[PDB]
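Trainee: Supplied structure: model.cif, mmCIF, C-alpha atoms.
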data_my_file
#
loop_
_atom_site.group_PDB
_atom_site.id
_atom_site.type_symbol
_atom_site.label_atom_id
_atom_site.label_comp_id
_atom_site.auth_asym_id
_atom_site.auth_seq_id
_atom_site.Cartn_x
_atom_site.Cartn_y
_atom_site.Cartn_z
ATOM 1 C CA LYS E 1 7.411 14.880 -34.026
ATOM 2 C CA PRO E 2 5.426 12.054 -35.675
ATOM 3 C CA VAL E 3 3.181 9.863 -33.538
ATOM 4 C CA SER E 4 4.923 6.614 -32.622
ATOM 5 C CA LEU E 5 3.006 3.319 -32.436
ATOM 6 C CA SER E 6 2.760 2.805 -28.689
ATOM 7 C CA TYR E 7 6.295 2.946 -27.320
ATOM 8 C CA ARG E 8 5.961 4.420 -23.863
ATOM 9 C CA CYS E 9 7.878 4.090 -20.629
ATOM 10 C CA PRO E 10 6.469 4.728 -17.103
ATOM 11 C CA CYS E 11 7.742 8.293 -17.198
ATOM 12 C CA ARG E 12 7.540 10.651 -20.153
ATOM 13 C CA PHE E 13 10.516 12.765 -21.139
ATOM 14 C CA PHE E 14 12.224 14.383 -18.213
ATOM 15 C CA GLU E 15 13.177 17.949 -17.326
ATOM 16 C CA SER E 16 16.743 19.188 -17.777
ATOM 17 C CA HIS E 17 16.204 22.144 -15.456
ATOM 18 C CA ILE E 18 15.423 20.396 -12.192
ATOM 19 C CA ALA E 19 17.835 21.114 -9.359
ATOM 20 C CA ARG E 20 18.908 19.078 -6.344
ATOM 21 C CA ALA E 21 17.924 21.999 -4.168
ATOM 22 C CA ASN E 22 14.578 22.025 -5.908
ATOM 23 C CA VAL E 23 13.841 18.345 -5.532
ATOM 24 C CA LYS E 24 12.312 16.247 -2.789
ATOM 25 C CA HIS E 25 12.322 12.458 -2.355
ATOM 26 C CA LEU E 26 14.145 11.169 -5.424
ATOM 27 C CA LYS E 27 13.629 7.702 -6.905
ATOM 28 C CA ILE E 28 14.692 5.894 -10.079
ATOM 29 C CA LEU E 29 12.086 3.823 -11.895
ATOM 30 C CA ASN E 30 13.247 0.406 -13.024
ATOM 31 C CA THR E 31 11.937 0.368 -16.567
ATOM 32 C CA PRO E 32 11.641 -2.413 -19.227
ATOM 33 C CA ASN E 33 15.279 -1.465 -20.073
ATOM 34 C CA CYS E 34 14.337 2.117 -20.771
ATOM 35 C CA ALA E 35 16.349 5.213 -20.086
ATOM 36 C CA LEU E 36 16.555 5.006 -16.289
ATOM 37 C CA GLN E 37 13.868 7.333 -15.037
ATOM 38 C CA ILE E 38 14.772 9.767 -12.303
ATOM 39 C CA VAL E 39 11.408 10.365 -10.644
ATOM 40 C CA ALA E 40 11.380 13.334 -8.355
ATOM 41 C CA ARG E 41 8.917 15.304 -6.326
ATOM 42 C CA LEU E 42 9.436 19.028 -6.593
ATOM 43 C CA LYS E 43 10.350 20.689 -3.336
ATOM 44 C CA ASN E 44 8.395 23.852 -4.008
ATOM 45 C CA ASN E 45 5.867 22.473 -6.475
ATOM 46 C CA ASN E 46 5.132 19.169 -4.674
ATOM 47 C CA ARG E 47 4.414 17.762 -8.135
ATOM 48 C CA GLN E 48 6.022 14.549 -9.285
ATOM 49 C CA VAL E 49 8.395 14.995 -12.212
ATOM 50 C CA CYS E 50 11.357 13.269 -13.826
ATOM 51 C CA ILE E 51 14.891 14.620 -13.862
ATOM 52 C CA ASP E 52 17.128 14.362 -16.924
ATOM 53 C CA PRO E 53 19.686 11.542 -16.431
ATOM 54 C CA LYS E 54 22.345 13.610 -18.188
ATOM 55 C CA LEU E 55 22.098 16.526 -15.762
ATOM 56 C CA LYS E 56 25.548 17.202 -14.307
ATOM 57 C CA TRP E 57 24.308 16.801 -10.744
ATOM 58 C CA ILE E 58 22.180 13.875 -11.832
ATOM 59 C CA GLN E 59 25.174 12.013 -13.280
ATOM 60 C CA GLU E 60 26.382 11.832 -9.708
ATOM 61 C CA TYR E 61 23.028 10.526 -8.540
ATOM 62 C CA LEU E 62 23.047 8.169 -11.468
ATOM 63 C CA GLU E 63 26.062 6.526 -9.929
ATOM 64 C CA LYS E 64 23.752 5.881 -7.003
ATOM 65 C CA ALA E 65 21.086 4.573 -9.376
ATOM 66 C CA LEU E 66 23.715 2.308 -10.899
ATOM 67 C CA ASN E 67 24.332 0.883 -7.464
ATOM 68 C CA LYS E 68 20.593 0.266 -7.227
ATOM 69 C CA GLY E 69 19.927 -1.187 -10.651
ATOM 70 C CA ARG E 70 22.624 -3.813 -10.245
ATOM 71 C CA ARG E 71 22.177 -7.320 -11.629
ATOM 72 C CA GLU E 72 24.312 -10.470 -11.561
ATOM 73 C CA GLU E 73 27.349 -8.620 -12.929
ATOM 74 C CA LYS E 74 29.694 -9.691 -10.141
ATOM 75 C CA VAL E 75 28.029 -10.226 -6.765
ATOM 76 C CA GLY E 76 31.470 -11.098 -5.450
ATOM 77 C CA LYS E 77 32.045 -14.838 -5.540
ATOM 78 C CA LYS E 78 30.758 -16.071 -2.180
ATOM 79 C CA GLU E 79 27.143 -15.064 -2.729
ATOM 80 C CA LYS E 80 24.937 -17.553 -4.539
ATOM 81 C CA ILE E 81 21.781 -15.469 -4.989
ATOM 82 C CA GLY E 82 19.944 -18.428 -6.432
ATOM 83 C CA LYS E 83 17.908 -18.734 -9.598
ATOM 84 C CA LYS E 84 14.926 -20.854 -10.617
ATOM 85 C CA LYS E 85 16.357 -22.255 -13.843
ATOM 86 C CA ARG E 86 19.562 -23.989 -14.983
ATOM 87 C CA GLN E 87 22.061 -22.626 -12.425
ATOM 88 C CA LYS E 88 25.182 -24.091 -14.016
ATOM 89 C CA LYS E 89 27.281 -21.581 -12.088
ATOM 90 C CA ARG E 90 28.587 -22.338 -8.610
ATOM 91 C CA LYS E 91 29.527 -19.720 -6.022
ATOM 92 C CA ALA E 92 30.581 -21.524 -2.862
ATOM 93 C CA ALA E 93 32.089 -20.218 0.359
ATOM 94 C CA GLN E 94 32.746 -23.397 2.318
ATOM 95 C CA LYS E 95 35.453 -21.686 4.360
ATOM 96 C CA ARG E 96 33.182 -20.237 7.040
ATOM 97 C CA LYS E 97 35.514 -19.210 9.858
ATOM 98 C CA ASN E 98 36.180 -15.441 9.759
#
Could you show the structure in this file as structure tokens?
Mentor:
Amino acid sequence: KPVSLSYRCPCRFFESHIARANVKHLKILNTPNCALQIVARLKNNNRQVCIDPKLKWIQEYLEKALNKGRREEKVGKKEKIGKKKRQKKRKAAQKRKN
């Protein structure tokens, strides 16, 4: 492979052999808009490593990661998260009664 300019994400390219039974505390790194990085600590090795996002057991975990890396895609319609610019959208829930 030729040497790229300086494109680099927090984690380098991940391992497509890592197992769920071989991994410890598992986290996904929120990159620049990079390939979501599954950062894992190896259960036996103790070493930090990244899991391949396309791994068949990872795809399931990815769903979890998708629930983590969620932006203003819906957020229902009663929750006005609040921004610091413009805010031309209005999500009101003035019917507080339950």
Trainee: Give me, please, the distance in Å between atom CA of residue E:51 and atom CA of residue E:7, quoted to one decimal.
Mentor: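 We find that atom CA of residue E:51 and atom CA of residue E:7 lie 19.8 Å from each other.
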Trainee: Give as a JSON list (two decimals) with C-alpha atoms, in the frame of the given file the set of residues within 12 Å of the point (35.9, -18.7, 1.1), where distances use the file's coordinates and all atoms listed in the file.
Mentor:
[["chain", "number", "residue", "atom", "x", "y", "z"],
["E", 76, "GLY", "CA", 31.47, -11.10, -5.45],
["E", 77, "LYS", "CA", 32.04, -14.84, -5.54],
["E", 78, "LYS", "CA", 30.76, -16.07, -2.18],
["E", 79, "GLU", "CA", 27.14, -15.06, -2.73],
["E", 91, "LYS", "CA", 29.53, -19.72, -6.02],
["E", 92, "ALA", "CA", 30.58, -21.52, -2.86],
["E", 93, "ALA", "CA", 32.09, -20.22, 0.36],
["E", 94, "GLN", "CA", 32.75, -23.40, 2.32],
["E", 95, "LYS", "CA", 35.45, -21.69, 4.36],
["E", 96, "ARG", "CA", 33.18, -20.24, 7.04],
["E", 97, "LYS", "CA", 35.51, -19.21, 9.86],
["E", 98, "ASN", "CA", 36.18, -15.44, 9.76]]
Trainee: Identify all residues satisfying the PyMOL selection byres ((chain E and resi 9) around 9) in the given file; provide them as a list in words.
Mentor: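 Taken on the displayed file, the PyMOL selection byres ((chain E and resi 9) around 9) yields the residues residues 7, 8, 10, 11, 12, 31, 32, 34, 35 and 37 of chain E.
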Trainee: What are the centre and edge lengths in Å, to one decimal, of the axis-aligned box around all listed atoms of stretch 11-20 of chain E with 4 Å added on each side, as AutoDock Vina command-line options?
Mentor:
--center_x 13.2 --center_y 15.2 --center_z -13.7 --size_x 19.4 --size_y 21.9 --size_z 22.8
Trainee: Which residue out of E:87, E:16, E:46, E:33 has the minimum interatomic distance to residue E:58 when only C-alpha atoms are used?
Mentor: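 So, comparing all the options, the nearest one is E:16.
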Trainee: Give me, please, the distance in Å between atom CA of residue E:26 and atom CA of residue E:75, quoted to one decimal.
Mentor: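 Atom CA of residue E:75 lies 25.5 Å from atom CA of residue E:26.
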Trainee: Can you tell me which residues surround residue E:68 at a distance of at most 12 Å, considering only C-alpha atoms, apart from same-chain residues fewer than 3 positions away, and format the answer as a list in words?
Mentor: residues 27, 28, 29, 30, 36, 61, 62, 63, 64, 65 and 71 of chain E
Trainee: Just to confirm, what's the straight-line distance from atom CA of residue E:88 to atom CA of residue E:66 in Å (one decimal)?
Mentor: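 Computing the Euclidean distance for atom CA of residue E:88 and atom CA of residue E:66 yields 26.6 Å.
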Trainee: So what does the PyMOL selection byres ((chain E and resi 52) around 6) actually pick up in this one, as a VMD selection string?
Mentor: chain E and resid 14 to 16 51 53 to 55
Trainee: Here is a test: counting all atoms listed in the file, which residue of E:6, E:20, E:44, E:72 is nearest to residue E:59?
Mentor: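 Answer, going by the shortest atom-to-atom distance: E:20.
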Trainee: Do a neighbour search on residue E:50 at 6 Å with all atoms listed in the file, toss out local chain neighbours closer than 3 positions, and write the hits as a ChimeraX atom specification.
Mentor: /E:14,38-40
Trainee: Identify which of the residues E:67, E:4, E:56, E:45 lies closest to residue E:24, counting all atoms listed in the file when measuring atom-to-atom distances.
Mentor: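 Distance minimum relative to residue E:24 lands on E:45.
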